[PDB]
Amino acid sequence: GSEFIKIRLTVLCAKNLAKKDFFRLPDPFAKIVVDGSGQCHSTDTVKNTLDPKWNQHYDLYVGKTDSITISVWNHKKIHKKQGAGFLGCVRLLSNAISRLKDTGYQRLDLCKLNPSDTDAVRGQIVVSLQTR
Ligand SMILES: [Cl-]
């Protein structure tokens, strides 16, 4: 009937994120995008931590070829130039969504936007995808 599947994404926490500013811990939040529909969500910001615990879930409507991209950002850098405060991402293509769904919480290593990028990215994000 609909050409989509409802997947509940829980963004549980991240751990061991990069500390880019020596004297100043980030205030991390995650941003979630379903690439084909453009569906966009953000978690709350957690103050002054490399190990933010968000425990927030989102009902994503994912189409047959859509992916889910989750990126982590230091909100203290919100006014700085575009792309500052980047702390890593993960991209789940439709095959990975198919594999991971209903397998429980997964520790996913955060990646640079591209393998060859300079950005210091460290640590993991912990998420689950469930079919609803
Ligand atoms: Cl940062």
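In this chain, numbering begins with 1 at the start of the sequence shown.
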Decide yes or no for [X] and [Y]: does some side-chain heavy atom of the first lie under 4.5 Å from some side-chain heavy atom of the second?
{"X": "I68", "Y": "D66", "value": "no"}
{"X": "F86", "Y": "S71", "value": "yes"}
{"X": "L50", "Y": "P26", "value": "yes"}
{"X": "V90", "Y": "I125", "value": "yes"}
{"X": "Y105", "Y": "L129", "value": "no"}
{"X": "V126", "Y": "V11", "value": "no"}
{"X": "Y58", "Y": "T43", "value": "yes"}

Closest heavy-atom pair and its distance - [X], [Y]:
{"X": "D35", "Y": "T69", "answer": "OD2-OG1, 2.9 Å"}
{"X": "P28", "Y": "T49", "answer": "CG-O, 3.2 Å"}
{"X": "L113", "Y": "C89", "answer": "CD2-SG, 4.0 Å"}

Could you tell me whether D102 and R132 have a side-chain N and a carboxylate O separated by less than 4.0 Å?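 Answer for the salt bridge query: no.
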Taking only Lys NZ, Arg NE, NH1 and NH2, and the carboxylate oxygens of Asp or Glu, determine whether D27 and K76 approach each other closer than 4.0 Å.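 Salt bridge flag = yes for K76 with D27.
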Is a donor on one side and an acceptor on the other found under 3.5 Å between the side chain of [X] and the backbone of [Y]?
{"X": "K20", "Y": "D119", "result": "no"}
{"X": "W54", "Y": "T10", "result": "no"}
{"X": "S37", "Y": "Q39", "result": "yes"}
{"X": "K112", "Y": "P115", "result": "yes"}

Nearest 0.5 Å please: distance from the CZ atom of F29 over to the CD1 atom of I78.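 One gets 5.5 Å once the value is rounded to the nearest 0.5 Å.
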In this structure, would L100 and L60 fall into the same cluster of hydrophobic residues linked by side-chain contacts under 4.5 Å?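 Same hydrophobic cluster.
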For the residue pair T131 / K101, report whether a side-chain donor-acceptor contact shorter than 3.5 Å exists.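 Their side chains do contain a donor-acceptor pair, which is all the 3.5 Å distance test asks for.
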Could you go through residues 12-19 and list every donor-acceptor pair under 3.5 Å that involves a side-chain atom there, pairing it with any protein atom two or more places apart or in another chain?
from, atom 1, to, atom 2, distance (Å)
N16, OD1, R122, NE, 3.4
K19, NZ, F22, O, 3.1

List the steps, then state whether side chain to side chain contact (heavy atoms under 4.5 Å, CB included) holds for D44 with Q56. CA-CA 8 Å; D44 70 285; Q56 279 169 302; 2.6 Å; yes
